[PDB]
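Structure first, then comments.
Using ideal geometry, Cβ is built from the backbone for each residue, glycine included, and neighbour counts are taken over all protein chains shown. All of this is worked out from the model, or read from it or from the source named; none is laboratory data.
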Ligand SMILES: C[C@@H](NC(=O)c1cc(-c2nnc([C@](C)(N)Cc3ccccc3)o2)cc(N(C)S(C)(=O)=O)c1)c1ccc(F)cc1
């Protein structure tokens, strides 16, 4: 109920659907920049040269504590890519832990489709593990540096509040950010924050696919990805089931593909006609699982208003992936997510800020009995 971590509450902001960021201060004298919180990568990188979409950037020549590592780095993602120069400098998070560490920093000099116009963030904080760090696993990620240089507990939690703000509690958990109990799923392997999905339901109806399909290749949690991305076969089956459940009103095929938007008169969106989606995750005890349930308010995302008009346009935010399942903002916005690195697990709880209506709410429920969950993982 109380809050020793109060100063970290509400330390995240966003330009409505374009990325959640936290202020980070680098160098000496202080150079503060808006940094995207990204659990799907492991590099700390900041724009360090003028760019059309950047309001400000890191100026190495002005930082007396900057150290050039004399090595370049190239980082390609599913969406976007950037190139920079590696170095190290002092880094602090004003509304985060009360510490200052020397971390690796990639100065972004060139990029393609990475920065987003009007997003207001100028860098990215890769919170995942060294295994996926570029150029290789020897480039210590920011959080690894934080834990090794300070006494800050090896854990952080995220509360992303969509339609924009949120909280990134570093070193602990704040009880005002969630209701109900926290349910944990094992971090299968320490590279991306990999998890295992054991069952999927649409309005209580089992998609009935071999659970291996749900994690085909892998299933990860990524705060830097907008959608709930699913492997091709799973995506197709999910869409067919969602379409059937929302038969009250028909939509063009492109809508389900994200190629067409559908808009409703201001405040008339019939959320009730769309089904809830449940993802069952492996639990911490043998044959035990739990489920997280999201509402259409999470998977149907608003598209930057034309200019404060009377038309609420939405995009179906569940899409296909060829690299496994990605639990992006669509999933995270309905919950308070605890990245308990110390205990190699991720916790989910109903968010105190998730968007819902007067009839339904996002939920985290358990326990359930699920056999052979170990076979669901790809090898
Ligand atoms: C910021 C922005 N992200 C994207 O717009 C986006 C990133 C990646 C995406 N791929 N890989 C990533 C990394 C590892 N997160 C790195 C990264 C961060 C920012 C920008 C690009 C890349 O994200 C993939 C997609 N898709 C293909 S999608 C449409 O979601 O299916 C979209 C975002 C994040 C949270 C949020 F609430 C709203 C908007």
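Could you please let me know if residue 186 is surrounded by fewer than 19 Cβ atoms within 10 Å (Cβ to Cβ) and either in the same structural domain as residue 137 (by CATH) or within 18 Å of the chain's Cα centre (by Cα) (or both)?
When the stated conditions are applied, residue 186 passes them.
Do the conditions hold for residue 81, that is, is it in contact with a strand residue (DSSP E or B) (Cβ under 7 Å, 6 or more places away or on another chain) and more than 16 Å from the ligand (Cβ to nearest atom)?
So residue 81 does not fit the description; no.
Mind checking which residues of segment 239-268 are at positive phi and either touching a strand residue (DSSP E or B) at 6+ places or on another chain (Cβ under 6 Å) or within 16 Å of the ligand (Cβ to nearest atom) (or both)? Even if it seems obvious, please write down each step before you answer.
Here is the first cut: in segment 239-268, the residues at positive phi are 258, 267.
Scanning segment 239-268 gives a single hit, 258.
Can you confirm whether segment 190-197 contains a residue that is assigned to a strand (DSSP E or B), over 16 Å from residue 334 (Cβ atoms), within 14 Å of the ligand (Cβ to nearest atom) and in the same structural domain as residue 316 (by CATH)?
Checking segment 190-197: at least one residue is assigned to a strand (DSSP E or B), over 16 Å from residue 334 (Cβ atoms), within 14 Å of the ligand (Cβ to nearest atom) and in the same structural domain as residue 316 (by CATH).
Could you grab me the full set of residues in segment 343-354 that are within 16 Å of the ligand (Cβ to nearest atom) and surrounded by 23 or more Cβ atoms within 10 Å (Cβ to Cβ)? Can you show your working first?
Kept after step one, since they are within 16 Å of the ligand (Cβ to nearest atom), are these residues of segment 343-354: 351, 353-354.
Result: 351, 354.
Determine which single condition residue 44 fails, assuming it passes every other condition in (1) touching a strand residue (DSSP E or B) at 6+ places or on another chain (Cβ under 6 Å); (2) under 28 Å from residue 225 (Cβ atoms); (3) surrounded by fewer than 20 Cβ atoms within 10 Å (Cβ to Cβ).
Among (1) touching a strand residue (DSSP E or B) at 6+ places or on another chain (Cβ under 6 Å); (2) under 28 Å from residue 225 (Cβ atoms); (3) surrounded by fewer than 20 Cβ atoms within 10 Å (Cβ to Cβ), the lone unmet condition for residue 44 is (3).
Among residues belonging to segment 96-116 that are part of a strand (DSSP E or B) and more than 28 Å from residue 220 (Cβ to Cβ), point out the one that is farthest from the ligand (Cβ to nearest atom).
Taking segment 96-116 first, the residues part of a strand (DSSP E or B) are 101-112.
Checking which are more than 28 Å from residue 220 (Cβ to Cβ) leaves us with 102, 109.
Working: 102: 24, 109: 17 Å.
The selected residue is 102.
Among the strands (runs of 3 or more DSSP E) contained in segment 290-342, which hold 2 or more residues that are more than 14 Å from the ligand (Cβ to nearest atom)?
311-316, 335-340
Search segment 279-289 for residues being under 23 Å from residue 204 (Cβ atoms) and outside any strand (DSSP E or B), and hand back the single one that is farthest from the ligand (Cβ to nearest atom).
287
Would it be correct to say that residue 153 is closer than 28 Å to residue 84 by Cα and more than 11 Å from the ligand (Cβ to nearest atom)?
The answer is no for residue 153.
Is it the case that segment 19-39 has a residue that's within 27 Å of residue 326 (Cα to Cα) and away from the ligand (no atom under 16 Å from the Cβ)?
Yes, segment 19-39 contains a residue that is within 27 Å of residue 326 (Cα to Cα) and away from the ligand (no atom under 16 Å from the Cβ).
Confirm whether residue 328 is crowded, with 19+ Cβ neighbours inside 10 Å and under 15 Å from residue 193 (Cβ atoms).
It is true that residue 328 is crowded, with 19+ Cβ neighbours inside 10 Å and under 15 Å from residue 193 (Cβ atoms).
Specify the residue that is nearest to residue 362 (Cα to Cα); the eligible residues are those in segment 164-181 that are crowded, with 19+ Cβ neighbours inside 10 Å and more than 16 Å from the ligand (Cβ to nearest atom).
My answer is 178.
If only one of 108, 93 is closer than 21 Å to residue 10 by Cβ and crowded, with 21+ Cβ neighbours inside 10 Å, which one is it?
Residue meeting the stated conditions: 93.
Going through segment 127-163 one residue at a time, which ones are in contact with a strand residue (DSSP E or B) (Cβ under 8 Å, 6 or more places away or on another chain), crowded, with 18+ Cβ neighbours inside 10 Å and not in a loop (DSSP other than H, G, I, E, B)?
Once the filter is applied, which keeps residues that are in contact with a strand residue (DSSP E or B) (Cβ under 8 Å, 6 or more places away or on another chain), crowded, with 18+ Cβ neighbours inside 10 Å and not in a loop (DSSP other than H, G, I, E, B), segment 127-163 yields 142, 143, 146, 156, 157, 158, 159, 160, 161.
Got a sec? Which of 324, 334, 328, 347 is under 26 Å from residue 231 (Cβ atoms) and touching a helix residue (DSSP H, G or I) at 6+ places or on another chain (Cβ under 8 Å)?
The conditions single out 334.
Just one of (1) more than 16 Å from the ligand (Cβ to nearest atom); (2) farther than 23 Å from residue 323 by Cβ; (3) touching a strand residue (DSSP E or B) at 6+ places or on another chain (Cβ under 8 Å) trips up residue 61, so point out which.
(3)
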